[PDB]
Structure formats: C-alpha cells, structure tokens
Amino acid sequence: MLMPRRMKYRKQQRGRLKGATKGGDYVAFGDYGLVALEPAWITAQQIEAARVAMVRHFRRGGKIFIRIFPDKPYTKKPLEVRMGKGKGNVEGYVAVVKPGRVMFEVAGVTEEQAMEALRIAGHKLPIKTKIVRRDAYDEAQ
Amino acid sequence: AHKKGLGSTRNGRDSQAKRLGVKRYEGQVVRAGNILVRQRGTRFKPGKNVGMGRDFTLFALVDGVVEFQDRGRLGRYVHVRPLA
Amino acid sequence: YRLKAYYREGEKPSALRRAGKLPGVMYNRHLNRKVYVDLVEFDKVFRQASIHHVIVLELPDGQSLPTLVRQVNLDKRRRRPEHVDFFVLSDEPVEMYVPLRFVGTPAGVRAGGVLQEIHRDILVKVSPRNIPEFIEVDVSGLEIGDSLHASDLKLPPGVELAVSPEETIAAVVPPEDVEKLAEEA
Amino acid sequence: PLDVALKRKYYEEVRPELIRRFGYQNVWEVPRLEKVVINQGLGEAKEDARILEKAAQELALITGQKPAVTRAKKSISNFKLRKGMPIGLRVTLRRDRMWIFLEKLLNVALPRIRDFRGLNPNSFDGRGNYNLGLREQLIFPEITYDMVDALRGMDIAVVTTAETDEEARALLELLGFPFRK
Amino acid sequence: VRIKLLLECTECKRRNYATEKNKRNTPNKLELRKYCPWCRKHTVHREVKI
Amino acid sequence: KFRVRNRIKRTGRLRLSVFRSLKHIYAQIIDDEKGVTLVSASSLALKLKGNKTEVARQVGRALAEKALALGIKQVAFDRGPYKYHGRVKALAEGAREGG
Amino acid sequence: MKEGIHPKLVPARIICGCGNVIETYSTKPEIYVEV
RNA sequence: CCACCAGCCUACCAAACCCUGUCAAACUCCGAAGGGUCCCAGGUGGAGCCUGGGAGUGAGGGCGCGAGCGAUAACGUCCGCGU
RNA sequence: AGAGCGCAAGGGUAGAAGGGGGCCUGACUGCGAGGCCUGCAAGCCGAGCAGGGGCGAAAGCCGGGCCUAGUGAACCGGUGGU
RNA sequence: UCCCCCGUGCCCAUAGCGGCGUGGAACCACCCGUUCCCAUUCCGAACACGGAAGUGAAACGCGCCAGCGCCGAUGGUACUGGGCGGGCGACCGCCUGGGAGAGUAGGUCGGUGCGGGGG
C-alpha cells in the first residue's frame, strides 16, 4: 500500500490502457526483479499483499524496492443502487501498470531465495510476471 | 428491489461554448472590418493595418491580405499587408 | 573482444530483425554509417562488455575497427534489445562509465546491512590511451546510515573524473523482517 | 564642499595607510565611502496617525534633513497592519552630509551608550556594507530628555564601494569606529 | 444594486440629458459632472431625480 | 529601461532616432521600416560647437534645412529618457513643425 | 538635500566633559556632550 | 552541556536542493498521424449555386474504432467520426 | 516572470493591462464601412466620418474597466420633454 | 573601397551567463558644480542645468575559453491516416504511406544591413 493523502481530484475517469510500459524495465536498484505481463491496474491491496508474502517468506531479509506506486482512484458506486444519479467512490487505490514494467526488485538476497520469493510474490498479483536478473538492463536513465 | 439512500450532484452546469478561433489567413483578401482572430489573451498580436479591440480580437483595417510573423522576445505577430 | 560487423544498406529493419541480424548505427566525430550484427554472438559477447569493456568489429570491407557501445533502445514489450549504438574509439580524453567493483566487508555489512548499488558504472574522463579496468571501491570500513562517494574511490593515474564528485556511489541500508508487520499497524 | 574634522583627516590620513598597507595602484577603483541610510521602522503604526510619525520626523530633524515615511508591504494579522503603509522611517545620506552624520556619531554620540562595551565587530555583510542597530535614540548629541517617550532604537545602514572585510573595516578604523576587540 | 443605484445628470440652462449611475454609499454627496448636450457643445450638467 | 517602446508610442509615424551623451548630441532623423535614416546633425561630432544647449538650437535649425532639402516635413523626437527639457531647438522650429 | 521645509543646517559645538572643543555642522546650534 | 553565545551526537521527523527512477483528462519544455481553411489545378455529375410552391422528419437501432458512465458487466445507456 | 492584475478559473501580461502623481470626465453626440455569431430573435467587433471636449512639447490616445459571468423581447403603466 | 568607435536596427538565445584579456587619441562612461532650468512621498542617487583637472576600475565596446545555459543530428522505436486478420473481452499482429520527442554524436558564447566621426 501507500498513496497521496490529498492529491488533486477525488474522482478521475477510467481511461484506456493499451501498452508500452511508458518507461521502466531496467534497474539501477535491485539485483533480481519482477516485471508485469498485461496492461492492468495493480491494486495497492494486492501490492501490499506481495510486499507481505515477500518479506514474510524471507525473514531478516535485506531491502526490497517498489518502482511502482498505487496512485489511481477507482470509482466504486454504493451497493444495490440504480443507474445514473452520480458516480462511484474513491475506492480501489491502485496503479497503472503495463507489460514490461518492473513492479518490484530484490537486492542482498540469495539466488534461490530471490527466486522462490519473487515467485510467490508474483503468484499473488492479479496476473503473471517475469523473474529477471541484472545484466543487459545496464544504461538508460 | 429495495433502493435505500442514494444522492445527487452539483455539476450539471456548463459554459455555453463561444465560437473562438482564427478566421482569415495569408492568401485571403480581407477588406476593412473583418474579424479574423478570436481569442482571450494575446495569442495573436496585431500590426500592419491589423487591429485589436476591447477583447483581443484581430480584424481587417485595409482591403489587404493577411500574413504572419514570429518575434520571440516580443510575441506572435499578424500583418495584413495590401498592395502598392 | 572480437565481434563481426556488416554494413547496413538502408533496407527496412523489419526484415533484418525478423531474420536474425541486429540492426544499429556507428559513428565518430562526423562519420555516421549504418550497420548490423548477429544477435546470438552479439548477445553472448556483449555480456563480457557493455560500456565497461571495449569491443572490436571486423568488417568485410577491408577494414576492421573497434568501438565502445552506448544508447541501447529496447522493445519494452517482452523485454530484449532491438537496436544498439557504437561510438568509434580514439585516443583523445573521452567520457563514459567505468565499472566500480565493490570491495570490503565492514560493520554495515556482516552485521546485517545491504550495499547501495548506486554507480557501478561512473562518468569519467579518461584518455583512450589508458584503460581503467575494474576500479576498486573501499567498503572496508563503513557502517549503516553512512555511505561512500566522491574522490574516496580509486582514481587511477591515467584516469580523470568529472561528475560532482559529491554523488554517493554506494551506501549501506537496514534489512527488514516481521518488524514491518509492526509498522503494518 | 563641507570640511569637517574626519573629512580633512580622511583626505590626508587615508591615502598613506590604505595605499601603503592594502596596496591600491588604481586612483579610482579604490573602494572608499558610499551611501549611508538611516532607518527606524517600527510596526506600532497600527494607527496613532502621523502623531507617531511626528516622532519619526523628529529623528530626521536631528540629522539635519527631512525624511520619507517608507512603509510595509503585506497583510500581517498577528501584529495588525495589512496592505502596507505604517512606519519604516528612512533617509539617504551621502558625501558631505553623511560626513556630519558620522562626525557627530563617533565624536560625541557613541560614548554614552550604557553597554558601550565595543562597537560590534561581527556584523559584516561582506560586500562593502556594514549594518547595525542601537538601544537608545538619545545616544546622539543633539537630542536630550525633553522629547523622549520610552525607547526608539535605530538600524544604521552604511554601504561602501568596498567589497571585502579588511578594507572597509580599517576604513571604519580610519574614520573612527572603535570596535569590540 | 440600489446603494450604487441609478441616477441621471441634466445640463443647466434648461433640460438636456445623459444617462449614468451613482454610489450613495461611497462618499457621493452631489454631482455636477461635465458633459455634452444634444444642443451645442460641452457645457455644465447637474444631477437630479431617480 | 525606458524602453516601453516609447518608440512604439512613436511607431505612430516617422521617427527622429537620437541620443544624448556627455559631450555629443546625436540628433538624427530616421526613415523607418527599412530603418534608412536620412538627416544627421551633431554637437562637435558635426564639428559645430561645444555646449549642447546652444548647439542644439543651431543644430536643429541647421538640421531644419537638411530636412527641408530632402522633402521632409514632420516626424517625432525619439527618446525614452528624453525627459524633454525642450532644448527649444526641440526640432520643432528645426524643420518638423514639431510643437 | 534641497526642498524647503528641510530642518535646515547651521553649526554646532562640543563643550564636552573633558573640555573638548569640536566644530560640527548639523541641525541644532547648541551641541555639546561627554567626550 | 553553557550562557556575552555555543558546542556536540543518532539503525529519529522533515522545508528545500542534487542524484535515483516515476506518475497525470481539468499537468505541458517537444509534439505528430490528422482535420481545418484560402490560393492555383484538374474533376460533366440526379455536382453546385440562386429565387420560388409542396412535403414529410424530429422514440431510431446495430457493428466499427475513439472517450464518458457501469464493474475497462449488460442484446445496458452517452457522445463523436464511420457505415 | 512563480508578484500583482476586484471577485471563479481559463487565457494573457513587467517592451504593462501592474503601481505612484498632475489636468480632467471619450460610462461623448449624430452615423456606421465591413466581419464574428446563427433556427428566429438577442448577443459579439469596429475603421472611418462629422460636432465639440481632455490630456500630450509633440507623434497621439480617448464611444468606460486585460477579456470571458454580473442578465429580461414584448404587452402595461409611472415620470420629464418633443 | 575597409579599420576602430558612437547613434541604430534586424535574426530570436547556437545571440545568454560566468571567468578572463584589452581601449580611451575622437568618442562612451564615471567623473565635476549643485548658482541657473528642474525634480525626488528621502537622497544632485535619479532627471537635470553649467563643465575645468582627472580616471579607464566600475559602464561599455572588442578579443580567448563551454564550466552553466541554448541548439541536437543519425540509427532505431512510440503513436497514427488508409487497408486487413486474430482474441470472450482485457487486447495482439501484418502491409502501405506519415513520422515524434528520450537520448547518444556533435554543434554553439554570435549573425547582420541604414546613418555618423576619425584613419
């Protein structure tokens, strides 16, 4: 989780999400990484779920970084209502993530550690991902 | 069915869009009293027989044809030059 | 080390790509022809390179010339190289990223702690007569909270610097556990 | 010209010491005196009219000139006064006028200050400027008890063509400014 | 609003007209502004009536 | 610092681009657009006299004739820091009609 | 300084506590103080 | 731990700034594809212009992509270009 | 140019629209070329012309306000005049 | 024909900053006097009116440097007319033409006409 505590617009329109990551597939941080495969929102609930499952499995572990950040307002209408009359509610605080975007990375772990960890952490999220090392990513800032 | 407490709004209010834009360009004869630039701030500064009014609007003073100009450390220019 | 090269003509990349050749451009001072290589040995060799090591491209033109890399645009989608830039070398003081090899196991390290990999690759002005290989970086006496930066690093006699030097090249950071489940609060 | 005591001495004494020790092989770059403004801005002009500025003009009356009631700038709720027209008493002194100013100053003004320990040395701007305040208005010669209300200090400002510490400092010591230590 | 209200000035030397507005709230005692009538050049003008 | 183009409030029509400086008075009359000038008259930069105010007088009137040789009738005294103390040559009698 | 209602000038002395005799030129005619 | 006033220290909080990446309909340094309109040119078609009598028509719907809304549900509704 | 530019924000502005002083009163009169806009109606822009008026040494600006909100056709009747 | 400067204007920062070197013989600028013209919500600073001695630092004019600042090719890609499949959608692919900024190379502290004086 995490988000602004006071931004600019309570509500904002859904939008269209096709692809291209916009920017963010290299590193400069971790030594292993987890990268998305589909153009969807990732919910901060799921995000912190991953953060958990991660630091959870590997206790006393080093530092993990989240390149993403859940800053998209979901419009959730009250339950059992009728059409029109308004909109949703500032629920589902999430982020816009497209394939090829490094959601999150580990550094200081172990090989199989980072493996199983990021493996499960990714298995949590509403998609599927790529577990990546660090070599080609070099340069691009 | 059961439809409990819902609500309302406050935003069903819009400003009547007023047709704004530039009407005449280089290549068109404009003869004395023809508006050719609708704007709010100085998007287009007047000049050579060009005119401005009480609301930043460019028009024709002569029976001349429009043309443009760029002067960075001054602004954007329109010059409606006629014939010798 | 060694790698093949061939002159690009101007044929649309789409084909060159879809076959097996990796398209790219090379240049020096004013020269700017177009070229291409071959993914597999290109990939394999580049691992033993980047802007850390020097490369050589032999060409069926009668001339074999070495370059360094630079700017690598990618596919984003499905993640992999799809274009490369190669700056032809010289002997006149050039600027690029020398690797910093982390060395030292102090108090930040060992007693928990994780190194802050900021700048392995750092902007330096070295004469292409000299070639700094693996600039050592002293970690031998650092503790969590602190860092290391500036001229503290190794400045080989044939290499000059020009970044800040302020820029923290590395630091040590605190680990995590179930104590952030207390933060969960 | 208006020959006072420290003026004639500046003419003469300044050239030997300044040119010999500091070394200034330029007849006109040589950074000497400059503008000396006196400023007594309060903030108590919440109102009380210019019966409160009448006090402010009495100040300029002592320097031998008439002032301008420069003022504030913004809306301050805390100590009242918004917009920006209260009390920021100011006058501009130059050449032969500031001459008589500092004249009366180091001649007779300064010694009766009560905590006249030593002219504060740590108030250097560093570009040929020197800024300081004071605790009593009557420390200067001309004004005696027959006008005083309670307390009305002054923030003296003296810019100099100088640019560094040493030159303007010893300029103050060649125009009589007895520092702390 | 009436506080600013609406009043009309008239020339002296018989009648004449021109239309205006006031501000009684603002220090507006009486008005004798200088304008031009239908007949002849610019002259006097006095304020009167609603 | 006196720009404002007072020359824009002189873009009205026909210019007299000048400037005053310590020793010389640069009284010039300029055809604009192409910025092609015409009529110059100066202090001792015209080799006339040494006091700007007297020079002015004489110069303007000398300048008058110059203007009146090239079919010149009216322009506008050009300066932002002008202040206008006249220098009652004020290029008014000096050809222009001026004031 | 110019104007007109300016508080004027005129010389002033100094009959200090030591016997000092300084010659000043400020605003009030009778200036004298301490040292 | 002192006063004429300062020192000093931290796996604390944080103004700002530098770097590391980063996000945006109501952010915009750059800015297309495109549309728009004048100028010259071709284009003979139930093109077009101009005045004049007769209408009807004003619940429309689907698919197509581009946006809203819905839950990036609806053989859902809401607009736009396209049929 | 992040200040301010009455009020909401947009656009705009320090080569002024902002802020200081002096004379004033063009929130002028009789007309309006030709254009914005558009179902009608209403709204928007203004050259020039002539009467005279204010400031400007002049060249010259002035038919209210930096603009977009502050509005109500007609029928009825009040009131002063022709 | 051109050299140095002054008045000036055009390009719109590759024209700007900063560091630096140089000129006062005509100039420019400080300077100089504050009686006269004249003005400052206060200042002869500013605008001035009258100008001998001096100065070339500051004002500026010319020169050298890129550190900052501005420009930015060329490869490739984004997105896209128009055409055509594939997927339950979320969405992906191909041709035809159109073609960015991101950045790398590298560029750049100037370009220039009217008028005036001295040589």
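So the sequence lines, in the order shown, correspond to chains A, B, C, D, E, F and G. What the first sequence shows, in this note's numbering, is residues 1 to 141, in sequence order. What the second sequence shows, in this note's numbering, is residues 1001 to 1084, in sequence order. What the third sequence shows, in this note's numbering, is residues 2001 to 2185, in sequence order. What the fourth sequence shows, in this note's numbering, is residues 3001 to 3181, in sequence order. What the fifth sequence shows, in this note's numbering, is residues 4001 to 4050, in sequence order. What the sixth sequence shows, in this note's numbering, is residues 5001 to 5099, in sequence order. What the seventh sequence shows, in this note's numbering, is residues 6001 to 6035, in sequence order. Yeah, the Cβ is synthetic: ideal placement off N, Cα and C, and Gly gets one too.
Terminal residues of the continuous alpha helix (DSSP H) containing D:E3058? Taken as a continuous stretch (DSSP letters only), the alpha helix (DSSP H) holding D:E3058 covers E3053 to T3063.
What is the DSSP secondary structure of A:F29, counted as helix, strand or coil? coil
Can you find the residues in the same chain that come closer than 7 Å, C-beta to C-beta, to A:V55, ignoring five residues on each side of it along the sequence? Contacts found: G61 and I64.
Sort D:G3153, D:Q3025, D:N3129 and D:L3110 by Cα distance to D:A3170 and report the nearest one. D:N3129
For D:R3112 and B:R1073, the rounded distance between their alpha carbons: 59 Å
Taking a Cβ distance cut-off of 8 Å, strictly less, list which residues of the segment 84-100 of chain A are near chain B, in chain order. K85 and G86
Is the segment 2099-2116 of chain C in contact with the segment 2128-2135 of chain C, if contact means three or more CB pairs nearer than 8 Å? yes
Excluding the five sequence neighbours on either side, which residues of its own chain have a C-beta within less than 8 Å of the C-beta of D:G3043, listed in chain order? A3072, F3079, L3081, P3086 and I3087
Give me the Cα-Cα distance between F:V5039 and D:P3031, rounded to the nearest whole angstrom. 44 Å
Quick one: Cα of B:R1019 to Cα of B:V1037, how far? 11 Å
Hey, quick one: how far does the alpha helix (DSSP H) through D:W3099 stretch, first residue to last? Where D:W3099 is concerned, the enclosing alpha helix (DSSP H) starts and stops at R3095 to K3104.
Can a CB atom of chain B be found closer than 9 Å to the CB of A:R14? no
Residues that D:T3063 contacts on chain G, provided the C-beta gap is smaller than 9 Å: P6007, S6026 and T6027
Could you have a look at F:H5024 and say whether DSSP puts it in helix, strand or coil? strand
Beta-carbon neighbours of D:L3002, restricted to chain G and to distances below 8 Å: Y6025
Quick check: the Cα distance between G:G6004 and B:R1040, rounded to an integer number of angstroms? 51 Å
Listing by chain order, which chain D residues have their CB less than 7 Å from the CB of G:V6033? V3108 and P3141
Counting contacts by CB-CB distance shorter than 9 Å, is C:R2070 in contact with chain A? yes
Here's the rule I'm using: 16 or more other beta-carbon atoms within 10 Å means buried, otherwise exposed. How should A:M103 be labelled? buried
How about B:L1006: is its C-beta nearer than 9 Å to some C-beta of chain A? yes
To the nearest whole angstrom, what separates the beta carbons of C:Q2116 and C:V2163, a pair I think is in contact under 8 Å? With a Cβ gap of about 16 Å, C:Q2116 and C:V2163 do not count as contacting.
In chain order, each alpha helix (DSSP H) run of at least 4 residues that lies wholly inside the segment 113-137 of chain A: none
Say whether chain G places a C-beta atom closer than 9 Å to the C-beta of D:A3005. yes
For A:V55, decide whether its Cβ has a neighbour in chain B, counting only Cβ atoms nearer than 9 Å. no
Let me confirm a value: G:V6021 is counted as buried when at least 16 other C-beta atoms fall within 10 Å, else exposed. Which label applies? Exposed, because fewer than 16 other Cβ atoms sit within 10 Å of the Cβ of G:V6021.
With DSSP run on the structure shown, which of helix, strand or coil describes C:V2069? coil
Nearest neighbour of B:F1044, chosen from B:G1027, B:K1023 and B:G1064 [CA to CA]: B:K1023
Are the CB atoms of D:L3106 and D:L3006 within a distance shorter than 9 Å? yes
For C:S2140, count the other beta carbons within 10 Å of its own beta carbon; 16 or more makes it buried, fewer makes it exposed. Which is it? exposed
Any 3 or more C-beta pairs closer than 8 Å across the segment 3135-3146 of chain D and the segment 3086-3101 of chain D: no
Thinking just about the alpha-carbon of each residue, which of A:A53, A:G24, A:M83 and A:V90 is nearest to the one in C:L2181? The shortest Cα separation from C:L2181 among A:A53, A:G24, A:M83 and A:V90 belongs to A:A53.
Sorted by chain position, which residues of the same chain lie with C-beta nearer than 7 Å to B:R1031's C-beta, five sequence neighbours on each side aside? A1060 and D1063
Quick one: using the 10 Å Cβ neighbour count with 16 as the cut-off for buried, is A:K128 buried or exposed? exposed
Check whether C:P2066 and C:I2055 have beta carbons under 9 Å apart: Going by beta carbons, C:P2066 and C:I2055 fall inside the 9 Å limit.
Taking the alpha-carbon positions, what's the B:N1011 to A:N89 distance? 16 Å
Close-in-space but distant-in-sequence residues of the same chain around E:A4018 (CB under 6 Å, 5 per side omitted): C4009 and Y4035
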